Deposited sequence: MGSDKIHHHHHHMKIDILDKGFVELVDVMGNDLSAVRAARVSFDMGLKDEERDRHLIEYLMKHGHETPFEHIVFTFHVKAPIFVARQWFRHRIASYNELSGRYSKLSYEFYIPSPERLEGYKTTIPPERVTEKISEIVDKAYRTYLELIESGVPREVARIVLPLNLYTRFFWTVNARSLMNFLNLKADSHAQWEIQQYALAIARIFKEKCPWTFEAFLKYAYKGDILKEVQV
């Protein structure tokens, strides 16, 4: 029952979850509450990370392909994505360029991106209408095309994701997705998430937001 909107048309939604902070506690003890919290912080502070592999999430994510390509680099997880063989685009708002000294107003940049999207999309449609197969015609669509996928990932792998994506060195667009993931993660695994931030999280932005 948890969806977060990201960018102009994207989202992250929680599809399912196995376990909670106690799943990592059982695993670390190999047995089927102030003590439990303490073991959580204890595991986290000593980098005993494998217990956290026994908490698992499945997300449904709508994201632009350029964001998805960074995301899918995370190999310790499962993905199923929408197929372009078998249509909406991320248009940055003007604010995206604030802090940059551009020769053309931020609003004009937005418009040019939006113009290319429009032109590429119409080329695609015309190709399809010509009888060009989809797998060929879609190649003209830009990297800001929205795709969707299911992402299944354990809490350990998700921490690693947060380390590298919830960080000002990461592209701002994916950091937004990472913040949504962290928020869901915090909801479901408050003890682990709190210990993670305190002892093991390597990025900067979840300390600031």
Report summary line: Residues of the deposited chain that carry no C-alpha coordinates are 1-11, 44-49, 104-107, 231-232
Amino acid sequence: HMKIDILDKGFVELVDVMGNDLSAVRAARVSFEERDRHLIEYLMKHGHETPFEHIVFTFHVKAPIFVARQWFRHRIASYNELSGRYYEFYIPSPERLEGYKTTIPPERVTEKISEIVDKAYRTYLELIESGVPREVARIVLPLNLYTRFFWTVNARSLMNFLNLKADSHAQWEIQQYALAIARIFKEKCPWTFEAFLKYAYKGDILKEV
From here on, numbers count along this sequence of modelled residues.
Query - Stretch with the higher entry mean CA B-factor, where the candidates are 70-78 and 87-95 - result: 87-95
**Report entry** Per the entry, higher mean C-alpha B factor between 49-57 and 35-43
**Finding:** 35-43
Requested in this report: Quick one: classify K119 as lowest, middle or highest third of the chain based on its Cα B-factor.
Outcome: middle
Report task. Just say lowest, middle or highest third for the CA B-factor of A137 relative to the other modelled residues in its chain. Result -> lowest
Query - Among modelled residues of the same chain, the CA temperature factor third for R29 - result: highest
Report summary line: On the chain's distribution of Cα B-factors, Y199 falls within the third called highest
